[PDB]
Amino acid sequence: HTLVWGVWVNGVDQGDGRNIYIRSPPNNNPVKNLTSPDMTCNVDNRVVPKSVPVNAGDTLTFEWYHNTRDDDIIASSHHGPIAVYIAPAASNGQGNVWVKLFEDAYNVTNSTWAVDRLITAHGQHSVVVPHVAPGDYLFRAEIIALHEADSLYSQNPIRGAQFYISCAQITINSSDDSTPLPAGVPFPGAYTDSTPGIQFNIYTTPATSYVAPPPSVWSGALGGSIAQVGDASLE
């Protein structure tokens, strides 16, 4: 149970984005139905009044929280991966539009899931803004909590993989467009009951065997991190 509070751009806090530049849902409950329209941008997908200006190559940091800013972030039980996707905003997230910029699942070196490291990072994970066409975009940050993912939601709707989905409105101003954005995958649609990484038993199956759901990270993607960029306590 987690939500995005706002974003940072090059370590500069853009301020509380909830219902402002984040298409915030009404609460932190997960999406679990893989064929739900709610898989696009969570249960209240609509245009919000602001879009955060960035340039290609900026560090864009998403900041999550549980109940209040810079708290426990997400229950520690919620082990799983983190991904970020991008789509042109005029799509409203519909159709074959979502391109993956970032994946972090289980780090064998550290013996930790992405969610574990997100807690340590005070809810902060970042991407490099890619060199796509200037314009308005949706950045779809997705945490998958796997603590009930041994079941398919379609078999037992009390369980299933849990999707914490947050769409941020980002405007890319300065970009050379050296990596034009291709078509991508649909949400809902990209994840199905047979997709690797959707049904996974963290109690019985080693995390060293976990394969995150496709698609693969796009060749145009410039990377990211799970790390505290900004100190909310200094404000």
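Residue positions are given as counts along the sequence shown, with the first one as 1.
Engineer: Looking at the deposited entry, does 171-179 or 185-193 carry the larger mean Cα B-factor?
Structural biologist: In the deposited entry, the stretch with the higher C-alpha B-factor mean is 171-179.
Engineer: Would you determine, from the values in the PDB entry, which of 98-106 and 149-157 has the greater average C-alpha temperature factor?
Structural biologist: Looking at the record's C-alpha B-factors, the answer is 149-157.
Engineer: Among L60, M39, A207, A56, which residue carries the highest C-alpha B-factor recorded in the PDB entry?
Structural biologist: Out of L60, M39, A207, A56, the record gives the largest C-alpha B-factor to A56.
Engineer: How does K32 rank on Cα B-factor within its chain, lowest, middle or highest third?
Structural biologist: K32: CA B-factor falls in the lowest third of its chain.
Engineer: Would you mind checking where the Cα B-factor of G17 ranks among the modelled residues of its chain, as the lowest, middle or highest third?
Structural biologist: It falls in the middle third of the chain.
Engineer: Ordered by C-alpha B-factor within the chain, which third holds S126? Give me lowest, middle or highest, please.
Structural biologist: Its C-alpha B-factor, which the entry lists for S126, ranks in the middle third among residues of this chain.
Engineer: So where's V115 on the chain's Cα temperature factor ranking, which third?
Structural biologist: Tercile = lowest for this residue's CA B-factor.
Engineer: Name the third of the chain's ranked CA B-factors that contains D72, choosing lowest, middle or highest.
Structural biologist: Top third by C-alpha B-factor.
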